[PDB]
């Protein structure tokens, strides 16, 4: 898979170490290299990343800084061809510890917190019109929620509702604008990395109310059951996650002791995790997505 005429990189945006971060860095699995690119205009942790039409989007989060703490409603777009960030229309509400998924070229922003309240609301961005619109809210308030898309359906997995961390999960059916509960995970997880590989939704890591997790489980949408696979080498919560050429990559996080620079890669063929690189510095709460090499 080469986009146009160049390779695809794993982009990590933002994050947290002592304070919220503005870093944008790109990792190349083909040769091991890291590139530092244009900083975010506003530092942010607890954001999500996604790609539509080759462009990288940074959604939500919070600027934890000495000068103050501000939850973000921002949507910002990075163009690899220009190495520049551009503001887009802002969401209806600030959303820290947000989850994001893409269906049919549209960005869904799910859940997250604003101050002391925990959202169940969901809204959808149309890049063609630069507009957000609210859709049906989830059945559950969720922050630290993992999101993934499979077969043009949107899934919201785990999180924290303001009192309890959650093992529950739910699915959104766009043509009925309706959420439905699915089978709950076997583990309570907030701040897990959630992605899709083949016909399964993976939930890696997270926080269960006492411990950061290294376990990984996957939901087979045909069987409606969750099964554990190999655990990661590191326990981690608030990790970044993405898929690149058939493998899962997890980036950073917090293990109860250190903000991790470790990047691990899961090979589904062998059911093994391996360390593949280190980020340039340890951090948690990053947004991650995959698109073309920059100029």
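Numbering follows the first chain given and starts at 1.
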When mean C-alpha B-factors in the record are compared for 269 to 277 and 20 to 28, the larger belongs to 269 to 277
On mean C-alpha B-factor from the PDB entry, just flag whether 29 to 37 or 223 to 231 is the higher one.
-> 29 to 37
Among 214, 168, 163, 113 - the residue whose C-alpha B-factor is largest in the record | 163
C-alpha B-factor winner, where the candidates are 238, 55, 58, 251 = 55
Taking the C-alpha B-factors as the PDB entry records them, is residue 66 in the lowest, middle or highest third of its chain?
-> highest
Relative to the other modelled residues in the chain, which third contains the C-alpha temperature factor of residue 189: lowest, middle or highest?
-> lowest
By its CA B factor, does residue 105 count among the lowest, middle or highest third of the modelled residues in the chain?
-> highest
Give the position of residue 118 by CA B-factor within its chain, expressed as the lowest, middle or highest third.
-> middle
Among all modelled residues of this chain, ranked by Cα B factor, put residue 206 in the bottom, middle or top third, i.e. lowest, middle or highest.
-> lowest
